[PDB]
Amino acid sequence: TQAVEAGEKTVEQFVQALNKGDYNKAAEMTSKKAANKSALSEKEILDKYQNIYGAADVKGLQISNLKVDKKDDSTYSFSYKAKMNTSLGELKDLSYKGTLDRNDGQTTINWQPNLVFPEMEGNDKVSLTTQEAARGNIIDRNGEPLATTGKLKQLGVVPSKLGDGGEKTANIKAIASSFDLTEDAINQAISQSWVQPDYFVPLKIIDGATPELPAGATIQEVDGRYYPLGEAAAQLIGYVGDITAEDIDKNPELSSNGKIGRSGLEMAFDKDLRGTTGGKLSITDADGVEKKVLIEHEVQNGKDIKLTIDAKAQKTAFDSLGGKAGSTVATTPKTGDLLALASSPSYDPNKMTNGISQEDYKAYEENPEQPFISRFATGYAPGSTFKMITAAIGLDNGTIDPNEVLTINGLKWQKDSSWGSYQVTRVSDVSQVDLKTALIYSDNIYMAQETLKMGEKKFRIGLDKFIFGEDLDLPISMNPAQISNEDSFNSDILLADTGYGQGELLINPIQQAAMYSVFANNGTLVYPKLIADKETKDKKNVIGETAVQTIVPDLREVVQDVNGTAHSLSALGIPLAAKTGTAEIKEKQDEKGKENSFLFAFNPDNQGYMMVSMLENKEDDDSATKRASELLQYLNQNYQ
Ligand SMILES: *C(=O)[C@@H](NC(=O)Cc1ccccc1)[C@@H]1N[C@@H](C(=O)O)C(C)(C)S1
C-alpha cells in the first residue's frame, strides 16, 4: 500500500496536467504502447488531447472519489468521478476507469481512449455542433431600443471593378466625395495584405439613405449591433467587440464567433444579454455513427433588459451639454428611477463596434476632455449645492436658527489669526445674512461660520445618516462617496471648507441625486434605480421634515428672487426649487485654476422629477444653469 499512494500522486498529476492544458506533460506520464498497456504512442496522445479538448474548449478538469486498488502484481486499477467545463456548459459526473503500471519504481498510467471520454473505443471520433445565441436588447422605460440588433448597410469597393489608371483614381475620388472618406483611406484599405483584386474591401457603415454608387462601389447588408442614441448614451450603454481567443480561454461558454460587451451595460450585463450557446457534443464510432451524446441543449437567446432611462430625456440632457465636458443625472426622486445618465464629451459606439481606425481611437483616448469617462459615476466636490445638506444638519441639531442674522463685513473671513493668510471667500458683500439670504446669494462665509459653530462631531453625526461609504446597488462601476480622506478632519479649515462642499468631499452625480432626494421625500433618502423592474429602496429619517419645510421654500427663492443665483430659470414659469454651485480645482497643467459648474433642481409641487447637472473645467461665462431650460421643460411636462 506504500505504492498505492504513489499511484494516486501520478493520477492526481495526470489530471492536473490535463486541467492545466499541458497535454505533453500528461502524455509523458503514460507507459509503453502495448496491447494491454498504452493504446497509442506518446506524441499521438498529445495530438488526440489537443485536437479533441481543443475542439470542445475543455477547461477546468476536476476529479473526485479516487479509488486505487490492486488487481495483479503489476496492475493497479483505478477509478474516479470527474467533471469539466466545455463550450456547451459543464459536463458533470463522468465515470473514468483504466489501470496503472509500475515496472521498476516509477508509476505510469495505462493510457486508453476512455481517458478522453468514458465511452471512447480506439478509433472513435468526437463531433461538436453549435448554434450562436442572438444577443438580447437594452430598452428604455417605454420599450424604445437603446442597444439592439438591426440590418446595417456596409459600403465597400472591389479593387477589380475600380479601373486601371486615372479611371481608378477618378472613381476613388467620386466615392471619397460621395460618402465623406479620405482618398488616402480608400487606397490604404485596398492595399492591405489580405486584399485580393476580386475581394470586397469594406469601408464604412453608412446609416442614412444610400447615395448614387460610382464604379466599383457596392453595398452589402450585414447584421450587427446598433445603438440608436449613439454618443448620447455611449458611456452608459457601452459597446460590444469581437470575441478573442483570450476571452474564450477565460470563459469557454462564450461564442467564438459572437460579440462581447467591452464597457458600459453591454459588459455589466453580458451574461444576461448573450444567452447560452446551443448545440450537441457527441461521440461517434469509426463509421461516423453517433455513439453517445455527451452534451446537448437548444439555443437560448439573450434576455432583454428594461432600464428606467427615458430615451428622449437622455438625448435632451446630452445635447444640452453642447459637446463640452460635463454630465447630467435626472431622476424621479420618489422612486429613484434614473431617467437620464448623460456624459459629455462622448464617443461613437456604432463606429466603435463596427471597426474603428487606430487613429480615431487614439483621438478618443488622447483627447484632454476624455470622452471615455463616465462622468455621472466620477466623484467630484459637490460645490455650493452641498449647503443644502449642511443647512439641514444645522437645523436638525438646533445649531442654525433660520431667522438669526449674522453680520458679515466684506468678502473674506477667517476664524482667527491661526488660519494664516487663508480666508473663506464669498461673492456678494451682503451685510445682514440669514439662512434664506445665504441660500439665495450662496454665501460661503455664512455656511463656514455655521459649520464651525456646529462642530465636527455634530456635523459628522448628520453626515453619517447619508450614503457616504455605501456601495449603491447599481450595474455601474463607481466608488463610494466620501466625506474626507480620513475619519477626522483634524483641521478647522477643512471642516469649514467641507461645510460649503469644497473639502476632500468626493460625490459622483448619481450619489448627489440620491442624497438630494431627501428634499423631495420629507427627509427620506430614496436610493436611485436603473433597472425598471427593481423594487424601490429607501432610508428613513435622514434629515428632519422640519428642515425640508424650511429649506425648500428658500430653494424656491434661489429661482424666484431677483438676486437669486438661478434667477434665469424663472423664465420657464414652472414651479422650481434649485441650488447652484461653482467649485474651484487646481489643475497643475495650466496652473491657472479650473472651475466646475453645478446645478440642482426639482419640482417642489409634485416632486415629479429631480436633476443634477454639471460642467467640468467650464469655459468662462458657461454654466449648467444656462443649459437646463430644455430638460426642465421636458421633465416638468412628462413627470409629475
Ligand atoms: C459655491 O459653489 C460657491 N462658490 C464659490 O465660493 C467659489 C467661486 C467660484 C467661482 C467664482 C467665485 C467663487 C458660490 N456658489 C456659486 C454658484 O452658485 O455658482 C457662486 C459663483 C455664486 S459663489
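The residues of the chain are indexed from 1 along the displayed sequence. Atoms within a ligand are numbered from 1 in the order they appear, just like the ligands themselves.
Taking the ring centroids of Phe600 and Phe386, they lie at or beyond the 6.0 Å cut-off.
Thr536 and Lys529 are linked by a side-chain donor-acceptor pair at a separation below 3.5 angstrom, with hydrogens and angles left out of the test.
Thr625 places a side-chain heavy atom less than 4.5 Å from the side chain of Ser568.
Looking at ligand 1, you'll find an N or O of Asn444 within less than 3.5 Å of one of its N or O atoms. The N/O atoms of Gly581, backbone and side chain alike, include one that comes under 3.5 Å of an N/O atom in ligand 1.
The single protein non-hydrogen atom nearest to atom 15 (N) of ligand 1 is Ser442 OG, 2.9 Å, given as residue, atom name and distance. Atom 12 (C) of ligand 1 has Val427 CG1, 3.6 Å as its closest protein atom, hydrogens excluded (heavy atom only).
At a threshold of 4.0 Å, the pair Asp473-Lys534 counts as salt-bridged, since one of the basic side-chain nitrogens sits closer than that to a carboxylate oxygen. Under the 4.0 Å criterion applied to side-chain N and carboxylate O atoms, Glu266 and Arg225 are assigned as salt-bridge partners.
Summarising the contacts of atom 4 (N) of ligand 1 with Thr582, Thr580, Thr565, the nearest heavy atom is found in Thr582. Considering each of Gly501, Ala578, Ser384, the one bringing a non-hydrogen atom nearest atom 1 (C) of ligand 1 is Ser384.
Under 4.0 angstrom from ligand 1, the non-hydrogen atoms of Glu584 all belong to its side chain. Under 4.0 angstrom from ligand 1, there are no non-hydrogen atoms of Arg426.
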Notebook entry, point to check: Is there a side-chain contact (heavy atoms from CB on, under 4.5 Å) between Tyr380 and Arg375 once you walk through the steps?
Noted result: CA-CA 9 Å; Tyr380 302 102; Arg375 285 180 158 84; 3.3 Å; yes
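Every atom of ligand 1 with a heavy atom of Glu595 under 4.0 Å away is listed here by number and element: 10 (C).
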